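Enquirer: This is the structure I want to talk about, given as structure tokens.
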Amino acid sequence: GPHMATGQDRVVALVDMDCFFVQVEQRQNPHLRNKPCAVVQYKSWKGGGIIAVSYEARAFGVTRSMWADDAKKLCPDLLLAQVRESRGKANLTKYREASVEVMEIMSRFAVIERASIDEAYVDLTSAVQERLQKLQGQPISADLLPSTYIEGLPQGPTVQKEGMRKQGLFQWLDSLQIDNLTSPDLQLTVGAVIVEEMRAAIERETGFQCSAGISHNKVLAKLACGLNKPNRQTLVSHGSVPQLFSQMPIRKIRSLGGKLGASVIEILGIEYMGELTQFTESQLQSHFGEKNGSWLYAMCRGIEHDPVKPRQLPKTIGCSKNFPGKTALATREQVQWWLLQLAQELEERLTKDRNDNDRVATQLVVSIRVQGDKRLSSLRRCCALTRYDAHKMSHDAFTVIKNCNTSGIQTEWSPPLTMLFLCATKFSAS
DNA sequence: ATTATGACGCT
DNA sequence: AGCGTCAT
Ligand SMILES: Nc1ncnc2c1ncn2[C@H]1C[C@H](O)[C@@H](COP(=O)(O)OP(=O)(O)OP(=O)(O)O)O1
Ligand SMILES: [Ca+2]
Ligand code: NA
Numbered sequence: 014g015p016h017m018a019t020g021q022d023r024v025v026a027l028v029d030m031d032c033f034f035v036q037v038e039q040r041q042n043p044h045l046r047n048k049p050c051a052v053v054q055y056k057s058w059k060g061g062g063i064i065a066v067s068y069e070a071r072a073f074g075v076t077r078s079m080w081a082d083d084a085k086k087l088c089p090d091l092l093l094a095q096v097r098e099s100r101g102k103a104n105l106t107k108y109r110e111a112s113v114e115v116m117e118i119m120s121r122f123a124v125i126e127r128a129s130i131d132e133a134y135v136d137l138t139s140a141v142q143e144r145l146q147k148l149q150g151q152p153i154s155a156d157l158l159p160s161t162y163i164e165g166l167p168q169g170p171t172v173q174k175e176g177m178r179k180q181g182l183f184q185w186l187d188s189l190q191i192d193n194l195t196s197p198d199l200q201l202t203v204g205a206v207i208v209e210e211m212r213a214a215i216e217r218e219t220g221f222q223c224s225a226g227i228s229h230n231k232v233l234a235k236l237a238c239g240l241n242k243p244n245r246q247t248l249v250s251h252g253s254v255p256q257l258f259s260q261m262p263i264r265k266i267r268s269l270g271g272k273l274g275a276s277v278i279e280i281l282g283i284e285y286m287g288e289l290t291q292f293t294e295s296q297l298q299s300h301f302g303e304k305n306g307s308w309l310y311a312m313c314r315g316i317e318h319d320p321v322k323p324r325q326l327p328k329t330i331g332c333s334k335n336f337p338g339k340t341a342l343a344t345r346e347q348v349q350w351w352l353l354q355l356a357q358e359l360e361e362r363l364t365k366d367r368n369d370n371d372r373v374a375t376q377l378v379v380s381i382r383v384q385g386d387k388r389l390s391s392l393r394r395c396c397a398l399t400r401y402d403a404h405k406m407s408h409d410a411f412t413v414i415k416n417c418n419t420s421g422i423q424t425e426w427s428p429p430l431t432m433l434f435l436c437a438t439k440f441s442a443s
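Numbering of the first sequence is given in our numbering, commencing with residue 14 and proceeding in unit increments.
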């Protein structure tokens with residue numbers, strides 16, 4: 014009853030760029046705009062691997078992970094942009110730099126949590142309170158929400174997409190209590206008005222379009238964001254949760270896409286998020302552990318407490334390369350040359366990072382994969398990172414891995430290595 | 001022969 | 001510390 018928390022204490026948004034690497038390439042090369050197009054890395058092996066796909070190309074069935082030669086079978090006029098290659102490896106600098114452009118804009122509106130190269134969570138609780146004071150009980154016009162969907166509406170007693178959207182928006186606004194400054198639904202709505210403003214500023218200042226979700230926590234905001242992509246934003250209210258979750262496959266909720274979600278399904282014999290409500294908190298803790306159990310019990314009711322962490326910069330800076338099949342590194346000289354290639358890219362990114370962000374990394378993590386292991390990483394060792402110098406870092410990386418060499422011969426490397434990875438971590442202010 | 005990242009939980 | 005999970 015009156016003591017039952019409803020998880021309506023915050024307004025949180027998740028903003029995610031549409032087909033991000035594709036938009037970066039389309040901005041740069043206008044010939045790619047408004048066309049079926051994809052971004053690919055490498056090219057020699059089956060035309061390159063696809064990492065991003067424009068919405069026009071998705072209509073033909075083109076997807077991430079697909080080889081470009083295969084994508085062309087579905088979409089013969091597919092256009093391609095290639096990721097930059099430097100020092101013999103893919104270099105993602107252009108996209109990291111485009112990401113900073115977007116993140117700096119978002120940061121004008123509120124504190125953000127950088128969730129990936131093209132996604133940030135925003136805690137808007139404070140900004141909403143403020144805007145509510147300016148409004149002074151004044152109603153919110155649909156004109157302030159020109160790209161917003163209200164999940165679950167319209168409902169109750171036109172056949173076009175935009176007409177539906179407006180009908181739902183109208184029902185939502187018609188029902189709002191604008192007189193109550195602490196109404197969660199009102200707070201969400203003001204949140205959405207602010208996100209429209211953030212999304213317009215992003216598009217104006219960078220050319221990039223995005224989608225967004227607005228709800229009371231990160232998981233719902235993330236789920237909401239995906240409901241109406243591209244170039245749209247979706248509000249998911251606390252009230253919309255029972256119907257939304259009633260047919261929502263468990264794997265769709267962030268963190269349940271893998272083995273834990275599979276076990277929730279198998280152990281409990283259910284399919285949808287809403288079905289979770291029938292288990293006690295202790296039942297769920299008994300199957301999935303204390304932390305997961307509590308999290309599930311609240312989450313299936315639309316409640317989650319994970320904070321938007323104040324962090325705009327990545328916590329680690331890493332460089333990795335696979336050496337598949339026949340290309341696996343089998344000689345000491347090969348291993349040393351590639352460690353250097355990786356180490357040079359890392360030095361370049363670290364030096365830039367130190368000048369930009371007033372910090373220095375203090376630990377170097379080195380990770381390899383050996384031919385045969387099903388696991389992505391086979392071994393991980395750390396050493397001190399005391400100077401930003403590529404030759405030193407590559408020398409140290411070798412030292413910590415060289416005893417992995419099974420070969421009795423000095424010059425040979427066995428088993429051959431199928432992945433090398435260098436990562437700078439443990440930053441300190443400077 | 002997906003590849004290149006990046007955050008966080010467990011012991 | 002080193003490994004695993006989950007994500008983009
Ligand atoms: N598995 C991956 N391997 C390499 N790069 C990836 C991978 N997944 C995503 N990326 C890169 C390319 C994407 O443009 C960018 C953002 O990813 P993501 O948000 O999942 O898709 P997207 O932005 O391309 O399309 P969407 O409009 O569906 O969000 O990160
Ligand atoms: Ca995206
Ligand atoms: Na994303």
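All C-beta atoms in this analysis are idealised placements derived from N, C-alpha and C, irrespective of residue type, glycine included.
Which first and last residues belong to the alpha helix (DSSP H) in which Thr106 is found?
Expert: Counting from 1 along the first sequence, the entry for residue 106 is found at position 93. If you look at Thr106, you'll find it in the alpha helix (DSSP H) that goes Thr106 to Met119.
Enquirer: Below 7 angstroms, is the gap between the Cβ of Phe434 and the nearest heavy atom of ligand 2?
Expert: One-based indexing of the first sequence puts residue 434 at position 421. No, since every heavy atom of ligand 2 falls outside the 7 angstroms radius drawn around the Cβ of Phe434.
Enquirer: Applying the criterion that 16 or more other CB atoms from any shown protein chain within 10 Å of the CB defines a buried residue, is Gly169 buried or exposed?
Expert: On the first sequence, position 156 is the one that residue 169 refers to. Exposed, since its Cβ has fewer than 16 Cβ neighbours within 10 Å.
Enquirer: Going residue by residue through the segment 198–253, where are the continuous alpha helix (DSSP H) segments of at least 4 residues, counting only ones entirely within it?
Expert: Taking only runs of at least 4 residues, the alpha helix (DSSP H) segments lying wholly in the segment 198–253 are 231–238.
Enquirer: Between the Cα of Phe34 and the Cα atoms of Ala213, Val53 and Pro152, which residue gives the shortest distance?
Expert: On the first sequence, position 21 is the one that residue 34 refers to. That would be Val53, whose Cα lies nearest to the Cα of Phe34.
Enquirer: For the segment 341–349 against the segment 43–52, are there 3 or more C-beta pairs whose distance is under 8 angstroms?
Expert: no
Enquirer: For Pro262, which residues does DSSP report across the bridge?
Expert: The sequence position of residue 262 within the first sequence is 249, counting from 1. DSSP, once it has assigned bridges, lists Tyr285 as partnering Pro262.
Enquirer: Any contact of the segment 204–219 with the segment 171–186, i.e. 3+ C-beta pairs under 8 angstroms?
Expert: No, because fewer than three Cβ pairs between the segment 204–219 and the segment 171–186 fall closer than 8 angstroms, the two stretches do not touch.
Enquirer: Straight-line CA distance for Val172 to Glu69?
Expert: Taking the first residue of the first sequence as 1, we reach residue 172 at position 159. Taking the first residue of the first sequence as 1, we reach residue 69 at position 56. Cα to Cα, the separation comes out at about 23 angstroms.
Enquirer: Going by C-alpha to C-alpha distance, which of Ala410, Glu143 and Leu199 sits closest to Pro152?
Expert: Taking the first residue of the first sequence as position 1, residue 152 is located at position 139. Nearest of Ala410, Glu143 and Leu199 to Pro152, Cα basis: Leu199.
Enquirer: Hey, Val75 and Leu92: beta-carbon distance below 8 angstroms or not?
Expert: Position 62 of the first sequence, counting from 1, holds the residue named residue 75. Position 79 of the first sequence, counting from 1, holds the residue named residue 92. Judged by beta-carbon spacing, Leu92 lies beyond the 8 angstroms limit of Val75, meaning their Cβ atoms are not closer than that value.
Enquirer: Relative to ligand 3, what is the chain-ordered list of residues with a Cβ closer than 5 angstroms to any of its non-hydrogen atoms?
Expert: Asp29, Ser129, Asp131 and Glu132
Enquirer: Along the beta strand (DSSP E) that carries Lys334, what are the first and last residues, could you check?
Expert: Translated into the one-based positions of the first sequence, residue 334 becomes position 321. Where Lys334 is concerned, the enclosing beta strand (DSSP E) stretches over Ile330 to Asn335.
Enquirer: Note down the Cα distance separating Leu289 from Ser112, rounded to an integer number of angstroms.
Expert: To locate residue 289, count along the first sequence from 1; it is residue 276. To locate residue 112, count along the first sequence from 1; it is residue 99. Taking the straight line joining both Cα atoms gives about 37 angstroms.
Enquirer: Please confirm whether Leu137 and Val28 have their CB atoms less than 8 angstroms apart.
Expert: Within the first sequence, the letter at position 124 stands for residue 137. Within the first sequence, the letter at position 15 stands for residue 28. Going by C-beta atoms, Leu137 is not nearer than 8 angstroms to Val28.
Enquirer: Should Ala442 be labelled buried (16 or more other beta-carbon atoms within 10 Å of its own) or exposed?
Expert: As a working mapping, residue 442 is identified with position 429 in the first sequence. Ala442 is exposed by the Cβ-count criterion.
Enquirer: Who pairs with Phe440 in a beta bridge, going by DSSP?
Expert: If you number the first sequence from 1, residue 440 lands on position 427. Beta-bridge pairing links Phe440 to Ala374.
Enquirer: Is the CB-CB distance between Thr329 and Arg382 below 8 angstroms?
Expert: Taking the first residue of the first sequence as position 1, residue 329 is located at position 316. Taking the first residue of the first sequence as position 1, residue 382 is located at position 369. Taking 8 angstroms as the Cβ cut-off, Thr329 and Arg382 do not qualify as a contacting pair.
Enquirer: Let me check understanding here. Comparing Cα to Cα, which of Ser427, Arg127, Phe440 and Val232 lies closest to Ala343?
Expert: In the first sequence, counting from the first residue as 1, residue 343 sits at position 330. That would be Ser427, whose Cα lies nearest to the Cα of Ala343.
Enquirer: Mapping DSSP to helix, strand and coil, what is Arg127?
Expert: Taking the first residue of the first sequence as 1, we reach residue 127 at position 114. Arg127: strand per DSSP, three-state reduction.
Enquirer: Does the segment 242–255 come close enough to the segment 145–161 to have 3 or more Cβ pairs within less than 8 angstroms?
Expert: yes
Enquirer: So does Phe34 have its beta carbon nearer than 7 angstroms to some heavy atom of ligand 2?
Expert: What you label residue 34 is simply residue 21 of the first sequence in a count that begins at 1. No.
Enquirer: At which residues does the beta strand (DSSP E) containing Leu145 begin and terminate?
Expert: Here residue 145 refers to the residue found at position 132 of the first sequence. Note, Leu145: premise wrong, no beta strand (DSSP E); alpha helix (DSSP H) at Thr138 to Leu148.
Enquirer: For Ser307, I'd like the list of residues in its chain whose CB is within less than 7 angstroms of its CB, leaving aside the five on either flank, ordered along the chain.
Expert: Counted from its first residue, the first sequence places residue 307 at position 294. Contacts found: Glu294 and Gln298.
Enquirer: Within a Cβ cutoff of 7 angstroms, which residues of the same chain sit near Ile278, ignoring the five residues on either side of it in sequence?
Expert: Within the first sequence, numbered from 1, the residue matching residue 278 stands at position 265. Closer than 7 angstroms at Cβ, skipping near neighbours: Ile263 and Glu284.
Enquirer: For my contact list, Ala65 and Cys32 are in at a C-beta cut-off of 8 angstroms; report their separation, rounded to the angstrom.
Expert: Reading the first sequence from its first residue, position 52 is the one you call residue 65. Reading the first sequence from its first residue, position 19 is the one you call residue 32. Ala65 to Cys32, Cβ: 6 angstroms. Contact.
Enquirer: Is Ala103 near ligand 4, with its Cβ less than 7 angstroms from a heavy atom?
Expert: As far as ligands go, the structure on display features ligand 1, ligand 2 and ligand 3 and does not contain ligand 4.
Enquirer: In terms of alpha-carbon separation, which member of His300, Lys339, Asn418 and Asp156 lies closest to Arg345?
Expert: As a position in the first sequence, residue 345 is number 332, starting the count at 1. The shortest Cα separation from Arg345 among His300, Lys339, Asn418 and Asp156 belongs to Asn418.
Enquirer: Taking the DSSP output, what are the residues bridged to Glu132?
Expert: Numbered from its first residue, the first sequence carries residue 132 at position 119. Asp29 and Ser129.
Enquirer: DSSP state of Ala51, grouped into three classes?
Expert: As a first step, residue 51 must be located in the first sequence, where it is residue number 38. It is a strand residue.
Enquirer: If you follow the beta strand (DSSP E) that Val66 is in, where does it begin and where does it stop?
Expert: On the first sequence, residue 66 is found 53 positions in, with the first residue counted as 1. Element bounds for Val66: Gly62 to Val66.
Enquirer: Is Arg121 near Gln325, with beta carbons less than 8 angstroms apart?
Expert: For the purposes of this step, residue 121 is identified with residue 108 of the first sequence, where counting begins at 1. For the purposes of this step, residue 325 is identified with residue 312 of the first sequence, where counting begins at 1. No.
Enquirer: Just mark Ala275 as buried or exposed, buried being the case when its beta carbon has 16 or more other beta carbons within 10 Å.
Expert: The residue labelled residue 275 in the question sits at position 262 within the first sequence. That one is exposed.
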